[PDB]
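# Coordinate analysis (summary)
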Amino acid sequence: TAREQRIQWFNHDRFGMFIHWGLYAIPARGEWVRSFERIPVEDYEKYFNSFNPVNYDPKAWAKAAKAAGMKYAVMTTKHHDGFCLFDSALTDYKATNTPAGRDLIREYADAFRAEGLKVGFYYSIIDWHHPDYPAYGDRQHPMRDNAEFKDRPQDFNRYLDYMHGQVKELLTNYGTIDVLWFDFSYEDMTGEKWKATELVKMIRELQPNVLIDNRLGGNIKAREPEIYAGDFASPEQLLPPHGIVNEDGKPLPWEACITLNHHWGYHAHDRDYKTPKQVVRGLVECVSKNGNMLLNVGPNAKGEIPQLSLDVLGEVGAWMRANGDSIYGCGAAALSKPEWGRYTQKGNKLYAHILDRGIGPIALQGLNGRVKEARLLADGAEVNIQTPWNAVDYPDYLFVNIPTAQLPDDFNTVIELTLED
Amino acid sequence: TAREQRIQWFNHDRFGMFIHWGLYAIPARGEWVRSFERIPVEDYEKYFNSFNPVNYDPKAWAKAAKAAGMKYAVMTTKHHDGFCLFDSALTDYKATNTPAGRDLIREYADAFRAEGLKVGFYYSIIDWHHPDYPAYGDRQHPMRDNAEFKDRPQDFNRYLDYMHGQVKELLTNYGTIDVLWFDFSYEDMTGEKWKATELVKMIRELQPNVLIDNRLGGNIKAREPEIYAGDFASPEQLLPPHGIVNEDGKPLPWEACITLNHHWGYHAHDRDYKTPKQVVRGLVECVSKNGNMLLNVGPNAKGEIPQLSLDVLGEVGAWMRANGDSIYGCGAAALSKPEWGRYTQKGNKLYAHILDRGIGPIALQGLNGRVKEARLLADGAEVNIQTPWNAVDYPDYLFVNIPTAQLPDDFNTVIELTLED
Amino acid sequence: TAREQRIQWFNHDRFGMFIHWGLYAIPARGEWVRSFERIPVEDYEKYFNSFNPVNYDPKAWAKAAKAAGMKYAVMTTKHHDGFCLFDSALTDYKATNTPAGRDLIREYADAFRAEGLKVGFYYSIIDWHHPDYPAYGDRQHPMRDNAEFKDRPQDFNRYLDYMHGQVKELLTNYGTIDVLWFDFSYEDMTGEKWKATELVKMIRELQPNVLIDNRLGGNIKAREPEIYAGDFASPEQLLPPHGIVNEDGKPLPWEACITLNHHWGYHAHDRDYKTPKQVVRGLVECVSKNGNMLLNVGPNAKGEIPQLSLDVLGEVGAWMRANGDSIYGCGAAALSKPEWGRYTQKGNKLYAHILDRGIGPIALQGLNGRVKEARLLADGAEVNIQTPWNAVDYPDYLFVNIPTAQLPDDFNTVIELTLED
Ligand SMILES: OC[C@H]1O[C@H](O[C@H]2[C@H](O)[C@@H](O)[C@@H](O)O[C@@H]2CO)[C@H](O)[C@@H](O)[C@@H]1O
Ligand SMILES: OC[C@H]1O[C@H](O[C@H]2[C@H](O)[C@@H](O)[C@@H](O)O[C@@H]2CO)[C@H](O)[C@@H](O)[C@@H]1O
Ligand SMILES: OC[C@H]1O[C@H](O[C@H]2[C@H](O)[C@@H](O)[C@@H](O)O[C@@H]2CO)[C@H](O)[C@@H](O)[C@@H]1O
Ligand SMILES: OC[C@H]1O[C@H](O)[C@H](O)[C@@H](O)[C@@H]1O
Ligand SMILES: OC[C@H]1O[C@H](O)[C@H](O)[C@@H](O)[C@@H]1O
Ligand SMILES: OC[C@H]1O[C@H](O)[C@H](O)[C@@H](O)[C@@H]1O
Ligand code: NA
Ligand code: NA
């Protein structure tokens, strides 16, 4: 019941902003740059010492997210590079010791909270800076192939204490936190290796309603999962072909995390953006399969969401002002996907998402005499659903009649169907 | 055997041009105008007297059609209004007696034959001009409610001699004809009322290989149908939700006849055209369901294919030049329609028609291990069909990786999959 | 004087087309694909077996080239992968044994020569197919790291027979060849390893006027260049900061070879194309430094120059139609590069290439009293070169006055200045 209760807002809200920001925004080629260029800590220091986000305005970020129709955010407090954007009492490697001279995470949390957005923190359990985190031979440590680190003396338990402490700070010093998005478990760096059981007990004594993703280890699909296996699953850079279900076939909460371009952190030459049309359609696809979408922005080193990112969000937002009822509080319908688009549903309201006008009337299989009313969501206008003369040979189908050659909305034209009961 | 042999070219070719043209291009408000405005013959004579197409160049027409990827054409030799565009020996109400002084059908037939298109003739079995065709009480004769025409002299046998005679002329005086498209039976005006059996015996005596539509009455869906039931079915202003089959579920040749705007004949104020994207996706749909598409143009009173119609056809043609292998000679795959578009197939070539890029790799159900090569049809380029890292939880899918945020072709990006065996 | 005489056409003509085509158009991610993916010959065979360009029309290629203002071409007869596009008697790995069954180089040579363009052949002295070319341990051979190839029996002399044979075929079987573009020498695979002296002596017995590039090894900048050092230098994917000179500071003939996108071979997802404006400016820059530009196209597997390449070439051509006098037969002026653009020169015609209108009148340092007439090259109109009232304090300058805020031509507005003798 507690599990079911704390996840309600999340399932209802459907659409979030991911935010990846850090020192990596200066090299501006990806958050993994220490790893793929094997950059030791001394060489990353020039980014630490020059990080000065003079145009950082998270109230403008939050207004952008809200206007986009997003209901929650998740921001990187510390990525794999170990740099804390928050004012930790446990390290010096944090934004308050850069020219930023401030807690960037407090500004984020206050701005998003004040717009009515739920406040999420991302926290990398990987740490390429902490000297006790394993390095020589690790799958992706920057110094994984540097023999100067082989058999260097380490106590992983100190890293864990550090990590457990930082999580405590995040859940004590920033008000109410709706999501903790850990990242990620791999090979033997999974489960109890993090003291995950203990981590999660501590978390639920501090903020019992917080939602955790499924990256600490374990198996969220098990009927009786471990305590750290997560409240929701997190497919990445794809939309599952089917909603994610557990081993009994029960729907699990899930959220697809998706980049706007191809990159999480700011990438100075990646302008290969998704269109607002694809963003809308992906959100609708996630909802149509009982899931959420977490759409990422990577702000530049000056602390700006890139203009192309904002242009996309503004148009998505225009669509959501008209069509949001078919997203918020909605889920999958018990019908196969139709030829012409997708369905989402909320009680006795079945939303037909017309992605492809086709030619002539639109055929909704299995719904003849199950629909009491049909209305265009965007304007509340009646849609004619009488079988036209040229379609009388197809009585298993309901027909929607659109008298224009093109749809009124090319992103997605939504028809609200009120089902008989 | 005879039935299968003669339809082969038609099933192969898939894509043709309907041409509605005649006196009704002057009132320019639809070919039913006499009917719906109850115009007597004397009032419509003004169109007969002023019909003089200054710019009728059926060689231009044929080049536009060929360029569009159309393989065949069907032109109106006489419509419901009874005006004949060919030089009939059986009436004076023909194009050679207008100021045009030409046999427009001869010109059409020659010009299209010259470009290598198959030549089809449409003949209205309804006639609102012939004195022996039923008028008073008719479902749609112009004079149906004019009681001054109740009890007018009538020998319907003379209309049948006229009709059977004109079809004999079309099939003797104009070389090899590939399609005869009759239109249409209604109420008691059906089947043997037309002497359909003697008509078709006459037709097959003269040109045994001609294809006939299914509007003479009859039931083409019957296990052994009437001899006049037709070679192909003719759904209209809709693309059937499923391919047309007979009672046993055997697939029938069929063809969807579709307007470019809302009108068959030229409508001077109808600029609500389908886009080239829509046309390409309509044809693909038809082929995916074992069917043809016959797309209409309605020339204006001067003999011109309207410029908006030529614009559409020009772009359709650019697509067909790159992608016609996925159309010509193809039909249905034995696979459900996939989420992202549609399949068409030819031997071991399965064509994936990507109509929505979605987000992430494109998931093809049931095809892992079943595909040997994948290539973009438009340029011959190799496509990567390796399961990406973020998709390993879905082993019953084949994944197509597209490295750009948008498809190369927004109409329809086609992927030629070479199947194993 | 042999050397000077045969290079004059090259220096005069300035602008050429590079064409990279072969089996690598299919995998469509660069001609180095065997090397960067360590592909063995057996897995590349799928491309040999499916190579059948449906739309290879080198007459169309040549018209495109001619209309761009290009005067010569150079085409890959055989790239690093060893596949020959010409009907060699010395190998079976050639285009007449693919489904194409064509000598692609013969058609190229005939098409270009008929349009009046000089005909160039590019030939890779590197060969990743020939069994005697060094593989294990080679800098870039596909099997360079494959243990199976270590210490297998090889005789490099057989590769030199093959290669010298193939060069003799190119120079005997295809008429007059104006350019031979060899590629490339590296580490120990340089100079007399190729038997380059014998190669060049043979070349010059067969076609004494052929121009050769500088990639067989040795030093074209030397005072005493080897016989195989070349007639022209070949900087790549940049425009050198100053014209190429030898050790005595004498100008050498040079050509910058430049891709239209980022790739030589066809790349199916690289649309990052240079604009016509950059193409013009780069040609101008090359000429302004006494060099040539060789601009590359990478045709697709069907043998089409990509649409986007053709768009750039046609807009370049339109500029060359008006302004080509400032390119052909032109070279460097003895002046520093001006603030507003660049100079080219031909006899007493000094062409000022206005790349940047600035604000107000344009200052040409050092030319006050040295210019008789000024004309706009495109329309032959006069240009006012009187010192304006607001510019009398600057008498070491000639001023060009443009009465409009913007230039007539944004690519480059060329003023022809006739010099006082
Ligand atoms: O092709 C000759 C002629 O055709 C049309 O002329 C019409 C005219 O507009 C009507 O008012 C009436 O007189 O019938 C004519 C046809 O005989 C075109 O309008 C005209 O441009 C053209 O010369
Ligand atoms: O199925 C193997 C087949 O591939 C090619 O056939 C093409 C044909 O060239 C096109 O005109 C169109 O019909 O699509 C076909 C399927 O790809 C080869 O040309 C042919 O040799 C081979 O049998
Ligand atoms: O020009 C002949 C033919 O070439 C291409 O056919 C390819 C086909 O796409 C591949 O799957 C494989 O079968 O090799 C064929 C060539 O041998 C074009 O795709 C096709 O349109 C064309 O007719
Ligand atoms: O979900 C996106 C996250 O996971 C990615 O796979 C990387 O670890 C990190 O760059 C990012 O924060
Ligand atoms: O196929 C379209 C045909 O049928 C239509 O229903 C009408 O009879 C006529 O306008 C047209 O020729
Ligand atoms: O000049 C360009 C040539 O050199 C390039 O560096 C590659 O070797 C080859 O793709 C090309 O033919
Ligand atoms: Na209207
Ligand atoms: Na790229």
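Residues numbered from 1 in each chain as written, not as in the entry; some residues may be left out. Chains lettered and ligands numbered in written order. Part of a larger assembly, values for the part shown. Heavy atoms only, no water.

Its PDB header names X-ray crystallography as the technique used to obtain the model and reports a resolution of 2.20 Å.

The name recorded for chain A in the PDB entry is Alpha-L-fucosidase, from Paenibacillus thiaminolyticus. In the PDB, the entry goes by the title "Alpha-L-fucosidase isoenzyme 1 from Paenibacillus thiaminolyticus". Under the UniProt heading Function (unreviewed entry), the note attached to chain A is "Alpha-L-fucosidase is responsible for hydrolyzing the alpha-1,6-linked fucose joined to the reducing-end N-acetylglucosamine of the carbohydrate moieties of glycoproteins." (UniProt positions renumbered as here; feature names shortened; annotations may be inferred.)

### Some remarks on the pattern of salt bridges
Opposite charge on two side chains permits pairing when their charged atoms draw close. Applying the stated criterion across every chain yields a total of 69 salt bridges over all chains. Where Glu236 of chain A meets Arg215 of chain A, a salt bridge forms, and the shortest distance between an N and an O atom there is 3.1 Å. Of the two residues, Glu236 of chain A is situated in the loop between β5 (211-212) and β6 (255-259) and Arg215 of chain A in the loop between β5 and β6; the sequence distance between them amounts to 21 residues. We note a salt bridge from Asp110 of chain C to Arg113 of chain C, for which the minimum N-O separation is 3.7 Å. Taken as a pair, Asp110 of chain C and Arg113 of chain C lie in helix α6 (residues 104-114) at a separation of three residues, close to a single helical turn. Among the residues examined, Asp110 of chain C registers a relative accessible area of 41% and is labelled partly exposed. Three or more residues are tied together by salt bridges with common partners; here these are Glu373 and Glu382 of chain B together with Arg29, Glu37 and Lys46 of chain C. (Salt bridge = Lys/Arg side-chain N within 4 Å of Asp/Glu carboxyl O. Helix = DSSP H or I, 4+ residues; strand = E, 2+ residues; numbered from the N terminus. Buried < 20%, exposed > 50% of the residue type's maximum accessible area, 1.4 Å probe, protein only.)

### Describing the sheet that holds strand β8 (residues 341-346) of chain C
Residue and element names in this part refer to chain C. With antiparallel pairing, the four strands of this open sheet are ordered in space as β8-β9-β13-β11. Only two strands of the sheet have a single neighbouring strand rather than two, namely β8 and β11 (371-376). Sheet twist, expressed as the mean angle between neighbouring strand axes with direction ignored, is 25 degrees. In the sheet, β11 pairs with strand β13 (residues 413-419) via five bridges, with the strands oriented antiparallel. Each bridged residue has a counterpart across the sheet, and for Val371 the counterpart in β13 is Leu419. The strands that helix α9 (residues 276-288) touches are β8 and β9 (349-354); relative to β8, the one it contacts most, it runs at about 55 degrees. (Pairing = 2+ DSSP bridges. Axes fitted to C-alpha atoms, helices over the stretch in contact; angles between N-to-C directions. Contact = heavy atoms within 4.5 Å.)

### A closer look at the packing of helix α5 (residues 58-67) of chain A against helix α6 (residues 104-114) of chain A
Residues and elements named next belong to chain A. At a minimum axis separation of 8 Å, α5 and α6 run at an interaxial angle of 40 degrees. One way to sum up the angle between α5 and α6 is to call them oblique. Every pair of crossing elements has a handedness; the one defined by α5 and α6 is right-handed. Of the residues in α6, those touching α5 at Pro58, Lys59, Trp61, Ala62 and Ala65 are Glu107, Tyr108, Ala111 and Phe112. (Parallel < 35°, antiparallel > 145°, perpendicular 65-115°, else oblique. Left-handed = near helix turned anticlockwise from the far one by under 90°.)

### What to know about the site of ligand 4
Residues and elements named next belong to chain A. If you check the shell around ligand 4, you find 13 residues, and the closest are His20, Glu31, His79, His80 and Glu236. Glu31 has a polar side-chain atom sitting 2.3 Å from an oxygen atom of ligand 4. Protein contacts shield 94% of the accessible area of ligand 4, which totals 320 Å² for the unbound molecule. (Near = heavy atom within 4 Å. Polar contact = N/O pair within 3.5 Å; in protein donor to acceptor, adjacent residues only side chain to side chain. Areas by Shrake-Rupley, 256 points an atom, 1.4 Å probe, with all protein chains shown as cover.)

### Notes on the packing of aromatic side chains
Scanning all chains against the criterion turns up 95 aromatic pairs over all chains. One aromatic cluster in this structure is built from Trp21, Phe48, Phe51, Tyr56, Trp61, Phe83 and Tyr93 of chain A. (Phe/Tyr/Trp six-rings, centres within 6.5 Å; stacked < 30°, edge-to-face > 60°.)

### Comments concerning the relation of the copies chain A and chain B
At an RMSD of 0.3 Å, chain A and chain B line up after a rotation of 180 degrees and a shift of 0.1 Å along the axis. The superposition operator between the copies reduces to a two-fold rotation axis. Using C-alpha coordinates, one finds that chain A approaches the rotation axis most closely at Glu339 of chain A, a distance of 4.0 Å. Residue by residue, 95% of the interface of chain A is reproduced at the interface of chain B, so both copies engage with the same surface. (Least-squares fit on C-alpha atoms.)

### Notes on the interface of chain C and chain B
Across the boundary between the two partners, chain C contributes 15 residues, which contact 13 residues of chain B. Between chain C and chain B, roughly 1100 Å² of surface is buried when both sides are summed, and carbon and sulfur atoms account for 45% of that area. Contact with chain B buries area across many residues of chain C, yet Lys46, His269 and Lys302 of chain C alone supply 45% of it, more than any other trio. A salt bridge links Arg29 of chain C to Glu382 of chain B, with the shortest nitrogen-to-oxygen separation between them at 2.6 Å. There are nine residue pairs in polar contact connecting chain C and chain B. Grouping the amino acids of the side of chain C that touches chain B by side-chain chemistry returns seven nonpolar, three polar and five charged. (Buried area = accessible area lost by both parts, 1.4 Å probe. Nonpolar A, V, L, I, M, F, W, Y, C, P; charged D, E, K, R; others polar.)

### Notes on the site of ligand 5
Residues and elements named next belong to chain B. In the vicinity of ligand 5 there are 13 residues, among which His20, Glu31, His79, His80 and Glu236 approach most closely. A distance of 2.7 Å is found between an oxygen atom of ligand 5 and a side-chain nitrogen or oxygen belonging to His80. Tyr122 has a polar side-chain atom sitting 3.1 Å from an oxygen atom of ligand 5. Considered on its own, ligand 5 offers 310 Å² of accessible surface; in the complex 93% of this is hidden by protein. In the shell around ligand 5, the residues fall into six nonpolar, three polar and four charged.

### A word on the sheet that holds β6 of chain A
All names here are of chain A. Reading across from one edge, β5-β4-β3-β2-β1-β7-β6 is the order of the seven strands in this open sheet, with parallel pairing throughout. The open sheet terminates on both sides in strands that have one partner only, identified here as β5 and β6. As paired strands, strand β1 (residues 15-19) and strand β7 (residues 292-297) are joined by five bridges and run parallel to one another. Bridge pairing in β7 links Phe18 to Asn296. Relative to the sheet, helix α9 (residues 276-288) contacts β1, β6 and β7, its axis offset from that of β7 by approximately 150 degrees.

### Considerations on the side chain of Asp127 of chain B
All names here are of chain B. By the element assignment, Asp127 lies in the loop between β3 (118-124) and α7 (156-170). A distance of 2.8 Å separates polar atoms of two side chains, one belonging to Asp127 and the other to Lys78. At 2.9 Å, the side chain of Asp127 forms a polar contact with the backbone nitrogen of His130. When neighbours within four sequence positions are excluded, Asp127 is seen to be in contact with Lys78, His80, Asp81, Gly82, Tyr133, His141, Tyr159 and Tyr162.

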